[PDB]
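As a plain string of letters, each chain reads:
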Amino acid sequence: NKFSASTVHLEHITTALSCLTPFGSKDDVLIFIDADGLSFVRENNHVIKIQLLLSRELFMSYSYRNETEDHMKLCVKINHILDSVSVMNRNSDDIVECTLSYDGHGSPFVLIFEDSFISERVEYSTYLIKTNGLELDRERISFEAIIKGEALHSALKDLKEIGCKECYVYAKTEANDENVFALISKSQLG
Amino acid sequence: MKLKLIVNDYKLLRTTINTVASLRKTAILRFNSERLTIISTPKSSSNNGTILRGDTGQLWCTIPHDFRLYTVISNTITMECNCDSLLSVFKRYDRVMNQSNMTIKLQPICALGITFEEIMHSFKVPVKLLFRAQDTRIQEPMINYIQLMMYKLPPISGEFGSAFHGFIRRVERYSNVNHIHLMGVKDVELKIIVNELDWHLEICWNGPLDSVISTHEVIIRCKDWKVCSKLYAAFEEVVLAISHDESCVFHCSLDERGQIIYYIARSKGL
């Protein structure tokens, strides 16, 4: 098996999958396999792209015995994976050891769920590959802000509740410690 | 034609009574002078036995009476009545005991004089007297043993019984399941494969399984697996026989022996 990864903290991969849902829910997903870790890439309408990464440290076993190529790319649909794991999480309270596997080009993406009594095995069909051009230039940053997660989540929820057909962002730091960062919205309220 | 008895083993008879009703309408009660053979088979049932239904599975369960008395005078009597009336009667008796013994009698069309008390309850369920020539056409299927392999399923009361029951019913959580493709490899590993979804699902069992006595495969329907699951839930000694692309037989027993045999034919070709 050119790639094999095992874990029992399935909540992490579950959050990885639920963080990939906003970028459409029935489309193709790119999975990049390299020695450093496991990464999912999604792109929508050539205007926005997400890139989650599961590091090697999240799996006890991470072989990557592939030697001909440094990185492996496969394309699988997300609706299949979502519909499978949805019914697999019915008894998620059991001690489940997920096992990812991939034997190379032309082979399906395997996802084995073993509960020490039942070993469910799923082989996801891999599709042809149509995702980096959408990357900011590291030598041209105009503003760099570090914000807490809860505050940003609350602001985004508020903007959703206001509708927010269009959005604006501000980044001004005046002479003193006057760091101004705002999220203006063009909504029904005005 | 004198048939009288007071059946009180109760679970053994009840599971047959329920499974014949769940299988198809009406049932055959072969009252020998030694052994009772409840035969719910499609050959003897005049409403699309295999016309577009595909209902081919035949059950041959034998119930002993040693249930208080077995006076079968004639001495093989073979009957046929609907399962709804006897289901209701048995349910009423079960509830009554939940709150005496039910006497059973016989009156080519007759009636069954079921009578029990707490109140007085009389139920004259209609029945018939299917002929000896028709009885001879009711013969149990013959199953070869050249490739037939059997899997000693674990008892439900054991530690692994609940896990095996859950694994068996695991195929019921997908509503788009029609055909189940059983697999058995030789310590034997028993596997269930589903190939009717957008993803290839294989439900395996890595627990301990005993093979009383080459991959044998058989594709059956989902309802047959439901009744197999119900039988496994209601029995301890359960043997799964798998004929390679011929048939699947579910052998249950209760320790002469009240064996229950379900013969399921392939619903597809490997």
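Residues numbered from 1 in each chain as written, not as in the entry; some residues may be left out. Chains lettered and ligands numbered in written order. Part of a larger assembly, values for the part shown. Heavy atoms only, no water.

**Topic: the packing of helix α1 (residues 10-23) of chain B against helix α2 (residues 83-98) of chain B**
All names here are of chain B.
Reasoning step 1: Orientation of α1 relative to α2, taken along the N-to-C sense of each, is 145°, at an axis distance of 10 Å. When the axes of α1 and α2 are compared, the crossing they make is left-handed. Across from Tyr10, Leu13, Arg14, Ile17, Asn18, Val20 and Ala21 in α1, the residues of α2 making contact are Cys83, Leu86, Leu87, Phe90, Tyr93 and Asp94.
Reasoning step 2: When grouped by side-chain class, the residues that make up the contact of α1 with α2 number ten nonpolar, one polar and two charged. (Axes fitted to C-alpha atoms, helices over the stretch in contact; angles between N-to-C directions. Helix = DSSP H or I, 4+ residues; strand = E, 2+ residues; numbered from the N terminus. Left-handed = near helix turned anticlockwise from the far one by under 90°. Contact = heavy atoms within 4.5 Å. Nonpolar A, V, L, I, M, F, W, Y, C, P; charged D, E, K, R; others polar.)

**A short note on the interface of chain A and chain B**
Reasoning step 1: Listed by partner, the interface residues are 17 residues for chain A and 16 residues for chain B.
Reasoning step 2: On the chain A side of the interface with chain B, the three residues burying the most area are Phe117, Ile118 and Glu120 of chain A, jointly 35% of the side's total.
Reasoning step 3: Where chain A touches chain B, the interface holds one salt bridge.
Reasoning step 4: One salt bridge in this structure joins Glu120 of chain A and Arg170 of chain B, with 3.8 Å as the shortest N-O distance.
Reasoning step 5: Counting across the interface, chain A meets chain B through six residue pairs in polar contact.
Reasoning step 6: Sorting the residues of the side of chain A that touches chain B by element identifies α2 (78-88) and β9 (118-124) of chain A as the ones contributing at least two each.
Reasoning step 7: For the side of chain A that touches chain B, the element with the highest residue contribution is β9 of chain A, accounting for seven residues.
Reasoning step 8: The residue inventory of the side of chain A that touches chain B, partitioned by class, reads six nonpolar, six polar and five charged.
Reasoning step 9: Relative to strand β12 (residues 200-205) of chain B, β9 of chain A runs antiparallel, the two being bridged by six bridges. When the bridges of β12 of chain B are listed, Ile118 of chain A appears paired with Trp205 of chain B. (Buried area = accessible area lost by both parts, 1.4 Å probe. Salt bridge = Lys/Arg side-chain N within 4 Å of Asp/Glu carboxyl O. Polar contact = N/O pair within 3.5 Å; in protein donor to acceptor, adjacent residues only side chain to side chain. Pairing = 2+ DSSP bridges.)

**Side note on the nonpolar core**
Reasoning step 1: Within the largest apolar cluster, 114 residues are counted, with the highest numbers of intra-cluster contacts made by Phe3 of chain A together with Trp225 and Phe250 of chain B.
Reasoning step 2: No other element matches the seven residues that α2 of chain B contributes to this core.
Reasoning step 3: Those residues in contact with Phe3 of chain A, other than ones at most four positions away along the chain, are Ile33, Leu38, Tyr62, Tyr64, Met72, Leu100, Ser101, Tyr102 and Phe109 of chain A.
Reasoning step 4: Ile39, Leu130, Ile138 and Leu148 of chain B belong to the second-largest nonpolar core, a separate cluster that totals eleven residues. (Core = buried A, V, L, I, M, F, W, Y, C linked by side-chain atoms within 4.5 Å. Buried < 20%, exposed > 50% of the residue type's maximum accessible area, 1.4 Å probe, protein only.)

**Quick look at helix α1 (residues 10-18) of chain A**
Residues and elements named next belong to chain A.
Reasoning step 1: For α1, every residue scored as buried is listed here: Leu10, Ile13, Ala16 and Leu17. One side of α1 holds all its buried residues, which, seen down the axis, span an arc of 115°.
Reasoning step 2: On the buried face of α1, the contacting elements are β1 (3-7), β4 (48-55), α2, β7 (97-102) and β8 (109-114). (Arc of directions from axis to C-beta.)

**Description of the packing of aromatic side chains**
Reasoning step 1: Following the criterion strictly, the structure yields 14 aromatic pairs over all chains and no others.
Reasoning step 2: Seen in terms of ring centroids, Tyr102 of chain A and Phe109 of chain A are 6.3 Å apart; in terms of plane orientation they differ by 55°. Their pairing is tilted. The two residues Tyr102 of chain A and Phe109 of chain A agree in class, both being buried.
Reasoning step 3: When the ring of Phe167 of chain B is compared with that of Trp205 of chain B, the centres are 5.5 Å apart and the planes differ by 45°; the resulting orientation is tilted. (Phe/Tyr/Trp six-rings, centres within 6.5 Å; stacked < 30°, edge-to-face > 60°.)

**Description of the sheet that holds β4 of chain A**
Backbone-to-backbone hydrogen bonds join strands into a sheet, with any given pair of strands oriented parallel or antiparallel.
Residues and elements named next belong to chain A.
Reasoning step 1: The antiparallel open sheet is built from four strands, whose spatial order is β4-β3-β2-β6. Among the strands making up the open sheet, the edge pair consists of β4 and β6 (72-77). Adjacent strand axes in the sheet meet at a mean angle of 20° when their direction is disregarded.
Reasoning step 2: Summarising the sheet, strand β2 (residues 28-33) and strand β3 (residues 37-44) pair through four bridges and their orientation is antiparallel. Paired with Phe32 across the two strands is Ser39, which belongs to β3.
Reasoning step 3: The sheet strands contacting α2 are β2, β3 and β6, and the helix crosses β6 at an angle near 70°.

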